[PDB]
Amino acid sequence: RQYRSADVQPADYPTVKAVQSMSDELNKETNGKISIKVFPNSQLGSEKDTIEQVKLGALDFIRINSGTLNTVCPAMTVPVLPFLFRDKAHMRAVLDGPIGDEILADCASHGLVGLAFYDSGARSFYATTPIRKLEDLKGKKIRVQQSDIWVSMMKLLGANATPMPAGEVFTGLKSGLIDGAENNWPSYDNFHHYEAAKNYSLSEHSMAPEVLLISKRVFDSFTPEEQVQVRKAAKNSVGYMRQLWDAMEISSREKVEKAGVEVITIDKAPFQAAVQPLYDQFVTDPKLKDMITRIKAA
């Protein structure tokens, strides 16, 4: 059985290679019984639409950002929150441990089994003009993921959110529909956004990680041994992914700088102050508020 998985990222991207590595492991351990074919580059649809396919059992696996998954699974809002993690090492420790496992377990009741977190760096603003301070964002049309938290966030920052699928963003930057967007270094590179919006400002305002999930309907068809094998292959793929990822952050930043991008250092304090209301607005469950307390102290 060759199961199917979706990713908006290109064929050679670390998230795609990670799931392919998981497939290789499963193919070996199950002696051909289970493998996974990845369909990259939004071939199967947007993140919004592919998450619905998984809920319906129309799609077996999905690799999506938590910043869209949190439309369905409330716990996924927690790791999206701006300025929550101190740095990459803090995030990795949290997501690899009990807190990460607790968040992944939240998805099952919604028809999706959470299997692993993949790194996504920190998301930063980029635009067709240089954003040198928060005030420079005022009135700008900034694309966000199709998830309400980001609309609220842009409002607090004085910008105008335009939610749209990942595959439409380059076109919007070239057409004038949007003035900018926000993402990590490998995405700024690999979606070609740097060609159209040549000013990248290190706001580092979210570390929203990626999530790999399986349809609950499909998972439930697996033997108990197969379920253990799938979870273990998913966890093993995190370390594989991270090695590819850390190199790509370097090579992508180098590539776009060579192409003429201005990399802008920006005072984050006004951003942090502006977005604080999001925490109580979007995280209302006492269990999740306690989780945030534990994360802040980890």
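Just count from 1 along the sequence shown to find any residue number.
The PDB entry reports B-factors from which the mean C-alpha value can be compared for 155 to 163 and 186 to 194; the larger average falls on 155 to 163. Set 84 to 92 against 200 to 208 and average the Cα temperature factors; 84 to 92 ends up higher. Ranking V238, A247, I64, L56 by Cα temperature factor from the entry places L56 first. In the PDB entry, the Cα temperature factor peaks, among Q272, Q43, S252, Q243, at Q272. The entry lists a Cα temperature factor for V228 that places it in the highest third of the chain's modelled residues.
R132: CA B factor lies in the middle third for its chain, per the PDB record. In the deposited entry, the Cα temperature factor of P14 sits in the bottom third of values across the chain's modelled residues. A259: CA B factor in the highest third of modelled residues in this chain (values from the PDB entry).
In the PDB entry, a CA B factor belonging to the middle third of its chain's modelled residues is recorded for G121.
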